[PDB]
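# Coordinate analysis (summary)
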Amino acid sequence: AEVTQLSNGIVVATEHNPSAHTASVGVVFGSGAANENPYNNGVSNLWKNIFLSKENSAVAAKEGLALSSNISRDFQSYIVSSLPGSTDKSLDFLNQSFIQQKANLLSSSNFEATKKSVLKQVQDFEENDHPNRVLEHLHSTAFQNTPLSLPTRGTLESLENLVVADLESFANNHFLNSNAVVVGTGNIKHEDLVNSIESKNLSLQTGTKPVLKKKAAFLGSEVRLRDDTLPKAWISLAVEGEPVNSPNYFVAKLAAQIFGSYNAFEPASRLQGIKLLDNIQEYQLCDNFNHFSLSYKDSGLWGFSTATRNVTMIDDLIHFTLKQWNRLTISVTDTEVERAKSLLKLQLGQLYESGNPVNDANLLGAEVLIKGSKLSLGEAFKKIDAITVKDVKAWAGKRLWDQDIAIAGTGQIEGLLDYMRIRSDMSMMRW
Amino acid sequence: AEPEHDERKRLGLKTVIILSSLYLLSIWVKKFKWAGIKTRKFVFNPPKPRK
Ligand SMILES: CCCCCCCCCCCCCCCCCC(=O)O[C@@H](COC(=O)CCCCCCCCCCCCCCC)COP(=O)(O)OC[C@H](O)CO
């Protein structure tokens, strides 16, 4: 496995892997949910559904290929999987889809059907999925009045205020030749390297992406969605993280991995880990853990999430988690760091070793749209091994000791102290 | 009748100075840490009609 790079007007990337036999080729745009004003929120989701809606029959009829999509914060990706010997067909279909012509794909009936389907889907998401809801609310409350807080699926009222003008405007303003790459993950050697760059076989509308007046921000805002009908209580915490291409990415990832995950209803999860697991097992407080270290091109979010059937025990859980975070920055045994390093090595190996071509293409585009070339796994392992106790202690002291935090919650949140009791528990303790 | 007037007034001046400083300090801190609770806003969205 190796990475190649080249450019003429556009950028072309490829990570050949002859072991797998599922070639996937598609484009990736560096403009998603972070490049849209709050009055135009679900335009990217409408694009995704309108490319997943109607021509999905044509792709399976005329040829054989399964087409996917993904929008996370700015990486609007349209991957077209295929068989190893049928990549040119996928590229030709992608060209006939984007560059010419999208007028047929933009009709009144098709758009109305996509609109009602998207409305039903977003309503269902807002009804059922609670942890994702609290994650989106944490994002929307940490980045108040900033093009990084609005959700990636579109607020309910924002959908029905845009039909054909906003969608085409987004296409003409973001689907450009400056922030687009052509991934080639699979088992293709050099056809992607040559056919992507042609006299006219590239996206039209040469130009530049509009600049953003506001880069990012982070203020400690609290949001609650108290409602006693739900049985459980989902709460999330976060602090300021680091963006991609910073010499703190892997240290933050290791700090997240130190505490790891947990699941009380699994016999293999109650007997491992670090101290807070032991402190929690004595009384049934929590059910799930998710120590996440998210990073975006502007700013990151290193946080925590949980969900408890017990409602009176929320304060104790939050206090114990904050106390453990406090202990992280003063005294960590070298054994803890070694175990966290091994666990993170395994985790990144699983993440970057999965046989899915689509996930590898997504990661490749994500890491190439910011730096220019993907950071290989061997170098990643070497620099992971470079980390020591001093570096993680320094990062924890810099980014955790008495820093502004954001909180979110929903369900039975009657027993959650609002903002000063939680914030005070990071420096009031004897040090 | 009161052989402590000078000492009483000196101690009283010191006491009123220190208590005035403490009172202003408490004013500032109370207006500070109540700022996050005196500004929180509520929005009522009627729930969907299904018990
Ligand atoms: C007008 C009414 C009051 C009149 C006067 C009252 C007189 C009695 C005073 C009783 C104690 C109140 C004085 C101030 C207490 C500070 C708060 C405190 O100690 O309690 C915290 C307890 O804090 C701790 O448990 C950690 C800090 C203590 C560890 C460090 C100790 C240092 C040395 C202490 C010496 C004193 C020992 C006796 C303390 C009672 C609670 O907050 P928390 O950090 O637990 O946050 C809440 C969280 O969500 C749930 O935990």
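- Per the PDB entry, the recorded name for chain B is Cytochrome c1, heme protein, mitochondrial, and the organism is Saccharomyces cerevisiae.

- The PDB entry annotates chain A as Cytochrome b-c1 complex subunit 1, mitochondrial of Saccharomyces cerevisiae.
- For the record of chain A, the UniProt heading Subcellular location holds the text "Mitochondrion inner membrane".

## Thoughts on the overall build of chain B
- Counting its regular elements, chain B contains one helix and zero strands.
- Its C-alpha radius of gyration of 25 Å places chain B more than 25% over the 10 Å reference for a compact globule of 51 residues.
- Structurally, chain B occupies a C-alpha span of about 80 × 20 × 10 Å along its principal axes.
- Counting over 51 residues, chain B shows a buried share of 0%.
- With 13 positive and 4 negative side-chain charges, chain B shows a separation of 40 Å between the mean positions of the two kinds.

## Some remarks on the side chain of A:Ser77
Residues and elements named next belong to chain A.
- Mapped onto the secondary structure, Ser-77 falls in strand β4 (residues 76-81).
- A polar side-chain atom of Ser-77 sits 3.2 Å from a polar atom in the side chain of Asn-362.
- The residues contacting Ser-77, other than those within four sequence positions of it, are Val-27, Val-28, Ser-68, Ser-69, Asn-70 and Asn-362.

## A few points about the pairing of strand β1 (residues 2-8) of chain A
All names here are of chain A.
- Pairing of β1 with strand β2 (residues 10-16), which is carried by seven bridges, proceeds in the antiparallel orientation. In the sheet register, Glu-2 faces β2, and the bridge partner there is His-16.
- Between β1 and β2, which pair antiparallel one after the other, the connecting turn spans one residue, and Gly-9 there sits at a positive phi close to 80°.

Calculation notes
Residues numbered from 1 in each chain as written, not as in the entry; some residues may be left out. Chains lettered and ligands numbered in written order. Part of a larger assembly, values for the part shown. Heavy atoms only, no water. UniProt positions renumbered as here; feature names shortened; annotations may be inferred. Helix = DSSP H or I, 4+ residues; strand = E, 2+ residues; numbered from the N terminus. Rg over C-alpha atoms; globule rule 2.2 N^0.38 Å. Buried < 20%, exposed > 50% of the residue type's maximum accessible area, 1.4 Å probe, protein only. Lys, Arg positive; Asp, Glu negative; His and termini not counted. Charge placed at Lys NZ, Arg CZ, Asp CG, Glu CD. Polar contact = N/O pair within 3.5 Å; in protein donor to acceptor, adjacent residues only side chain to side chain. Contact = heavy atoms within 4.5 Å. Pairing = 2+ DSSP bridges.

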